[PDB]
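Inspection log for the structure reproduced underneath, given as structure tokens.
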Amino acid sequence: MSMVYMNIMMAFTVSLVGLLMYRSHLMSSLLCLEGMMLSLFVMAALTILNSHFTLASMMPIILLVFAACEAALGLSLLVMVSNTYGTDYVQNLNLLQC
Amino acid sequence: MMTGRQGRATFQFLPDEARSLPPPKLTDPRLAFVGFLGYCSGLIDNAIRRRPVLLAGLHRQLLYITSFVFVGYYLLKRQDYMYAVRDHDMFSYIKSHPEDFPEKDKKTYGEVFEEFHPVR
Amino acid sequence: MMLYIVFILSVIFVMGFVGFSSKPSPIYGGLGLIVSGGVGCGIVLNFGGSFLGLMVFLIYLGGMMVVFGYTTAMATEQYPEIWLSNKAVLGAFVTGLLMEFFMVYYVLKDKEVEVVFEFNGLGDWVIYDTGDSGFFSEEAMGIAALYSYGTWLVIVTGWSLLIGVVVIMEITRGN
Amino acid sequence: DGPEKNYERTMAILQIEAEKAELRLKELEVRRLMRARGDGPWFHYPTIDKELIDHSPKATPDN
Amino acid sequence: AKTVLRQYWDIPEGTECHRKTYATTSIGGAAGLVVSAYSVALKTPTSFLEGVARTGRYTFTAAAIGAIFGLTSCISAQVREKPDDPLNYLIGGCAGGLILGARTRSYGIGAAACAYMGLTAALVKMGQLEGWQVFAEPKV
Amino acid sequence: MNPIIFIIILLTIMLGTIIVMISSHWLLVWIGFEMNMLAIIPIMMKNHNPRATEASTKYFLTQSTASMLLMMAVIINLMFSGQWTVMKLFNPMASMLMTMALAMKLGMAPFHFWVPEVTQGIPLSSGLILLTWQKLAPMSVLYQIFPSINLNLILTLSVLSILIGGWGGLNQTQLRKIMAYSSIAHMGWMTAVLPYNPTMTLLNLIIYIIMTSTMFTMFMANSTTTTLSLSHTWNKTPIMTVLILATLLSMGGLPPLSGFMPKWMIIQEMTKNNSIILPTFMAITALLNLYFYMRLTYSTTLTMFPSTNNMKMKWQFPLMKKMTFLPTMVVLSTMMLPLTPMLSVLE
Amino acid sequence: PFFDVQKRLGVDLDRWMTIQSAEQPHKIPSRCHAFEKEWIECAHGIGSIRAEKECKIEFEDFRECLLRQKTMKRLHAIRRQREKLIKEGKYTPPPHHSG
Amino acid sequence: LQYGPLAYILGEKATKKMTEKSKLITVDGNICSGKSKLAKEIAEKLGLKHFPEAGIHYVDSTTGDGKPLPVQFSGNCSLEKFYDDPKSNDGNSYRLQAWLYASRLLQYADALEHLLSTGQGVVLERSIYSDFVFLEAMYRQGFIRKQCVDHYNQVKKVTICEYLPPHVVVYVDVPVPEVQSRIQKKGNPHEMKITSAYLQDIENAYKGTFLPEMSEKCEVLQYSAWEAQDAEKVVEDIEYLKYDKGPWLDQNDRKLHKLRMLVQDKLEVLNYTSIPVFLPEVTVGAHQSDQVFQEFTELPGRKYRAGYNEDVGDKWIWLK
Ligand SMILES: CCCCCCCCCCCCCCCCCC(=O)OC[C@H](COP(=O)([O-])OCC[N+](C)(C)C)OC(=O)CCCCCCCCCCCCCCCCC
Ligand SMILES: CCCCCCCCCCCC(=O)OC[C@H](COP(=O)(O)OCC[N+](C)(C)C)OC(=O)CCCCCCCCCCC
Ligand SMILES: Nc1nc2c(ncn2[C@H]2C[C@H](O)[C@@H](COP(=O)(O)OP(=O)(O)OP(=O)(O)O)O2)c(=O)[nH]1
Ligand SMILES: [Mg+2]
């Protein structure tokens with residue numbers, strides 16, 4: 001657990017705390033999801049590259065493939081939210097009551 | 001608790017060792033009740049679709065009874081197999097660890113003292 | 001010292017994260033994620049994976065280019081917020097850097113820090129392997145095994161990307 | 001029915017219910033011992049299979 | 001919370017009432033901060049000072065209830081020379097219930113809180129003596 | 001939506017779940033959830049109205065966050081054990097994140113706020129998938145990692161779910177919100193017996209699915225989504241109100257109905273492990289569930305609410321809804337207690 | 001796996017990447033191949049309850065190879081002591097440790 | 001087989017059976033304006049199916065043996081009593097109008113099913129899109145309450161949106177005095193009580209609210225009483241319409257498949273006509289509704305699903 005793992009794990013925590021504290025824009029939160037995937041990619045790549053786990057070297061790539069699917073999926077929902085209210089504000093997403 | 005049992009028959013509905021056990025009798029009371037549940041399904045099917053409950057579609061009612069009994073027979077074979085395996089492991093373990101299951105020293109009520117509590 | 005290049009890049013990696021995690025205008029948030037992607041490529045590239053580092057940078061450069069277009073269409077206002085225009089944005093930005101400073105300050109002073117896990121401050125170079133590989137790149141040989149070993153991975157990812165195109169058209173159809 | 005049939009029918013009932021009671025108590029003890037020590041078929045949580053290992057010579061000698 | 005509870009249960013009953021009051025007040029105060037966090041998060045205060053006021057209102061109600069329980073349940077076990085007696089906790093629990101009534105300005109809540117908090121405190125003490133497990137470790 | 005595209009997207013939802021159940025590698029488990037979320041969302045957006053857009057967006061945001069935490073657990077578990085096998089995790093921090101990620105996916109309290117809203121915002125058919133099929137994959141993972149799950153964490157989530165689910169269901173008149181809070185409460189029973197006997201988790205899941213699928217099928221038949229809309233059923237399909245009565249009584253855990261079996265077996269396993277205070281609290285708190293099921297029987301079957309004149313026009317047409325497996329499901333959801341020892345097949 | 005379709009069908013879908021001591025391209029070994037192999041062979045067929053106590057030695061060495069926590073602590077002490085001696089002029093480094 | 005996803009996937013797609021003559025035509029106008037005669041002739045010349053104007057007993061004509069049922073099985077709504085006493089306290093005015101909308105809504109679904117299932121056009125008389133003229137007339141004359149109009153819009157708002165408007169709207173304009181004079185000639189004792197103010201409210205709704213609304217979505221053809229007699233002229237105008245506007249140009253196989261699934265499930269078409277809104281006009285007590293429902297199920301051939309009634313000669317119940 002070298003000093004690099006500290007910053008990488010702190011990056012994930014920052015992006016997680018960033019995702020759980022919305023300001024207004026749904027797009028601002030989507031960036032935090034893509035930020036979290038970046039931290040997991042780096043953390044997984046470091047561990048795999050350092051341990052010479054040869055076959056695991058493809059896992060980070062497969063992690064980016066499904067990060068794009070989620071990112072594209074999140075953008076597609078952002079289009080429909082914008083088309084209904086003219087903004088991507090999350091406070092408009094309150095028609096459904098708990 | 002028996003998920004990892006030593007029996008190397010994983011993801012098999014009925015392991016071949018289950019063929020040493022008696023099959024359920026076709027007159028098994030559990031199998032008759034399963035068949036009865038099929039008959040109730042037939043009648044409820046007629047009622048929700050507004051048909052003569054007892055008479056409508058006797059062909060469909062028979063398939064309800066047969067389908068339930070057919071599936072019920074195999075669920076009973078697997079049910080009895082799993083309980084047979086449970087006792088097999090329990091007795092083997094007790095035999096393999098005699099110190100944990102000693103034969104208690106027998107006593108008679110003429111020798112064992114039990115406190116008496118009057119009801120008055 | 002250049003012996004701490006990986007650590008120095010990981011500090012910028014966090015600073016970029018505090019850039020978009022404080023959530024200013026997504027225009028500036030997108031810039032922050034590009035900086036993190038760039039340094040993240042540098043960090044991975046120094047552990048022996050050049051394809052992985054260059055690939056993640058390549059994917060996130062195209063990812064934020066689509067996000068940029070979507071920000072000018074659906075996530076824009078009259079006065080896009082910077083890291084100084086808003087107390088909530090500024091408050092979260094200063095807080096992130098201060099925690100980064102304290103973690104960096106303590107790890108380089110004590111050579112250790114205990115937060116959930118126990119981290120070591122001797123330097124990232126102490127865990128590298130002392131043996132050389134052969135005439136190939138181990139990272140390249142592992143990635144090239146996706147087609148000979150990862151038959152099941154290719155199918156699920158291939159099907160996922162196919163359905164991904166079907167799904168986005170369905171979601172955005174509107175009728 | 002006569003007393004004899006009921007009297008000897010009760011013993012058949014008590015015999016079955018007594019045997020099941022002993023088995024119920026034994027199973028609880030057997031379950032307790034297997035879970036605490038993990039030396040029986042039950043509570044046997046899997047470990048990595050040894051047939052996945054590769055024993056052939058590697059690229060480097062020290063492995 | 002494991003640390004504070006172990007501190008509370010290590011002090012023998014009816015002794016060092018100043019310390020036991022510290023332990024219970026900590027437990028109650030922490031409970032009032034957990035309630036304030038969710039209340040502030042789910043019911044957004046109209047202003048920062050309105051939310052700090054709410055946090056201080058709930059945290060003081062929970063701290064007072066915790067302080068009165070440990071104090072009243074410790075002197076009672078001291079005067080009576082009966083440490084292992086659930087009746088001491090029953091007295092302590094009801095006193096905490098009354099404090100809840102005073103803070104809520106409701107006689108009805110004071111009576112109900114005294115009855116149910118009194119029983120709960122007594123049941124907690126019995127479980128400590130008997131060995132009752134709420135989250136029991138799997139054994140079979 | 002093109003019928004062929006609907007079928008393909010439906011099979012992709014199942015494939016994601018099936019990948020999670022057959023995967024022995026953590027990466028494939030994560031791929032299963034990602035595939036499952038990718039295919040579920042278009043079925044939520046099918047009717048394309050603002051409420052469905054909000055429901056899909058809230059669902060996506062919650063599930064996406066959970067999948068990030070699950071991947072963090074896998075990577076942390078990789079750093080401390082150097083292997084990807086789907087078994088007990090080797091780090092306490094990995095277990096907490098994976099347990100919480102699986103709690104967010106299931107909608108357990110205090111990660112429950114989306115379940116009432118997502119269910120309300122999507123059609124009944126989509127809601128049935130949300131509350132029955134989406135629970136199979138997360139429950140599959142918990143079944144395999146339970147040895148390492150912190151006992152306090154899992155039992156705390158179970159207790160909160162039983163409380164919040166019961167209380168939330170009292171203040172509801174929308175059927176989709178009633179079924180949503182009922183689902184949260186039932187998740188508590190599944191995960192409460194998990195540390196003690198994972199088999200009984202499967203039993204309660206199977207019985208919960210059958211009963212839940214029966215209620216949605218009967219709500220789907222009459223296109224009823226509110227208490228008052230369901231109150232007209234007696235004047236159109238009298239038989240359907242009796243079936244709703246029997247099923248609702250079963251969901252409340254009243255013997256001799258089927259739904260009493262999972263409670264009965266869960267209490268047995270917990271009392272064998274000397275857990276007495278928790279089963280008693282769980283059973284008593286479950287009376288909150290039985291209360292707002294009884295309230296539905298009152299306005300549906302046991303009384304006759306006011307009708308409207310146009311109802312007379314509906315008497316001249318039959319039910320054209322498919323109502324697939326409804327006659328079989330209603331019987332299995334009411335008369336299965338005599339077959340209780342058949343729970344051994346799940347072992 | 002919850003359903004073990006792989007084992008029955010005889011198809012290897014994902015077992016080939018579960019451990020780092022499995023067959024690798026070009027027989028490239030992982031840095032902790034020996035340690036993982038020992039822990040896997042020690043704890044084969046005995047369940048995790050027993051392996052958690054009977055194969056504790058192999059698993060602790062395996063974790064030492066993976067994260068090198070004890071080695072880095074040992075290096076830290078030697079490095080820290082050397083600075084203290086040098087800071088107070090009590091130790092002269094040799095040439096091969098300087099150039 | 002019964003139409004569904006399987007039939008659609010096997011080739012039963014609406015466009016493959018719809019031609020340039022697959023048009024939905026509606027004939028509109030005031031009371032006694034020749035709509036029935038004009039509509040019936042346009043159906044014969046163009047080879048289109050004709051739907052007589054939906055009345056209180058339309059639904060009875062499509063189910064069972066097709067004969068009208070007693071009036072208790074229709075809410076006791078009477079067009080006769082509306083004319084005699086349009087302000088009765090038993091709520092017969094709006095109860096009639098709400099029932100008629102459900103009948104037009106049902107007929108329109110029947111019309112769409114025929115058009116989409118065989119490709120043949122249909123001719124309607126006062127479809128759901130024009131039924132609001134009578135409502136606006138009843139309210140302006142004090143025949144129904146404000147809350148009743150609120151109920152009508154709520155029911156209409158959740159039903160009208162699911163269907164497509166007719167391709168061509170034929171309107172037969174007639175000034176009110178001509179109608180009043182024509183009504184008296186017809187010599188129907190009840191209809192003759194219609195005041196002129198009521199007929200003028202219908203006129204304002206038709207021109208001012210309806211035709212402008214339908215002009216932007218349909219081919220609106222207007223004809224006077226004198227030029228409406230020769231149906232040949234009207235048919236000629238229809239034959240040479242461009243059809244350059246309206247939602248029908250945006251429909252394809254997927255959209256029409258979803259539409260056909262709705263219009264064939266009649267209970268789904270009528271789902272929202274009985275929303276739980278408790279107006280005295282439409283609310284029926286439990287005791288009354290229970291008694292009437294029991295009587296309905298004991299009519300010949302209506303206790304069981306059609307095809308399973310022995311009393312009407314059905315056979316093979318045990319194999320059906
Ligand atoms: C492991 C098992 C788990 C069991 C879980 C049990 C869950 C049940 C817990 C529910 C507690 C809820 C308390 C709510 C209190 C509300 C008070 C309030 O708001 O004011 C109401 C009212 C004041 O309201 P009010 O002033 O507006 O007027 C009320 C009258 N109306 C309604 C007309 C307005 O005050 C009360 O009446 C409260 C009565 C206090 C006395 C309570 C004593 C209870 C003791 C237990 C029962 C005794 C029999 C058992 C004996 C046992 C002997 C060992
Ligand atoms: C320093 C060391 C201190 C030690 C103290 C010892 C403990 C004593 C604590 C007293 C707290 C206090 O003051 O109680 C006082 C409160 C009074 O009600 P209130 O809400 O204030 O009414 C305020 C009303 N206004 C707003 C109009 C002013 O009681 C109660 O509600 C109790 C009233 C109901 C009686 C309950 C008994 C019957 C039910 C029980 C059945 C088993
Ligand atoms: N209150 C009410 N009355 C209606 C409605 N539709 C028809 N009516 C009544 C008005 C008339 O008195 C009667 C017949 O109306 P018509 O439009 O068909 O006029 P008529 O058939 O007599 O001659 P015509 O077909 O136009 O040549 O039915 C309706 O939606 N609401
Ligand atoms: Mg006419």
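Residue numbers in this text run from 1 along the chain shown.
Header entry for method reads electron microscopy, 2.5 Å.
Including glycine, each Cβ sits where the backbone N, Cα and C put it.
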Point to revise | From G:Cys32, G:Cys42, partner that Swiss-Prot gives for the disulfide involving G:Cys55 | key: G:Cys42
Revision key, fill the gap. Within 10 A of the CB of G:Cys65 (disulfide bond), the number of other CB atoms across every chain shown is 17
Practice item. Over the span of the motif 'Cx9C motif 2' (G:55-65), count residues by DSSP class, listing helix, strand and coil in order. Key: 10 helix, 0 strand, 1 coil
Exercise for review: Determine the minimum-neighbour residue: among G:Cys32, G:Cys42, G:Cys55, listed as disulfide-bonded residues, which Cβ has the fewest other Cβ atoms within 10 angstroms?
Suggested key: G:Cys42
Review point. Could you give the Cα-Cα distance between G:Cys55 (disulfide bond) and G:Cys32 (disulfide bond), in whole Å?
Key: 17
Point to revise | Nearest-integer angstrom distance between the alpha carbons (Cα) of G:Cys42 (disulfide bond) and G:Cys32 (disulfide bond) | key: 16
Point to revise | Secondary structure composition of the motif 'Cx9C motif 1' (G:32-42) [DSSP: H/G/I, E/B, coil] | key: 10 helix, 0 strand, 1 coil
